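Below you'll find only one chain, the form deposited in one PDB entry, shown as structure tokens.
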């Protein structure tokens, strides 16, 4: 049995930018002088070590700089125990812009832009173009464009996907949807934004 335990116990924990999270490190020790240390990968920022059986790490209003490896180290009866946990900090986009905002007959393309997002890695962040609740088959993705989006003291990103549309068939769907999805350890986040599809006379009502 291990005398050192951390709650939550998972080796990686995802925390949203601006959110809070605590890690509680407990050390069972029958002998006096037990100590618990929380630190980063090294101690260039300062390690905190206390004479205790319970030490809690709290990131508050998380910044991107909170991301990285944390280690709790316990000392009891001359032995050392450890637990390593990786904090991932992510910014799920707070806005998704679609262009054009509504489609009319003849429109060949949709663009969807996620604002203030990180990470942008395609294995974490994905875009899909839906018709009803299914992905639209044959929509040709033209590759994400990634630009920097500075917010406060952190660099987030603005990411645009574009699709060349296939024939929509008949009857024509009432709407398409852009969806941005972020997959991280233990969780999946999504944002779906409607794109109305209008009739063939709309162009003449401008």
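C-alpha atoms forming the largest set that superposes within 1.5 Å between two forms make up the rigid core. Positions refer to the first chain, counted from 1.
Form deposited in another entry: not shown, discussed below.
Among 95, 99, 80, 126, which is the residue that shifts its C-alpha 2 Å or more between the shown form and the other one, core superposed?
Only 80 moves by 2 Å or more at its C-alpha.
C-alpha of residue 35: shift of 2 angstroms or more between the shown form and the other one, rigid core aligned?
For residue 35, whose C-alpha is compared between the shown form and the other one after core superposition, the shift is 2 Å or more.
Is the C-alpha displacement of residue 55 equal to or greater than 2 Å between the shown form and the other one once the rigid core has been superposed?
Indeed, residue 55 is displaced by 2 Å or more.
Once the two forms are fit on the core, has residue 46 moved its CA by at least 2 Å between the shown form and the other one?
It does shift by 2 Å or more.
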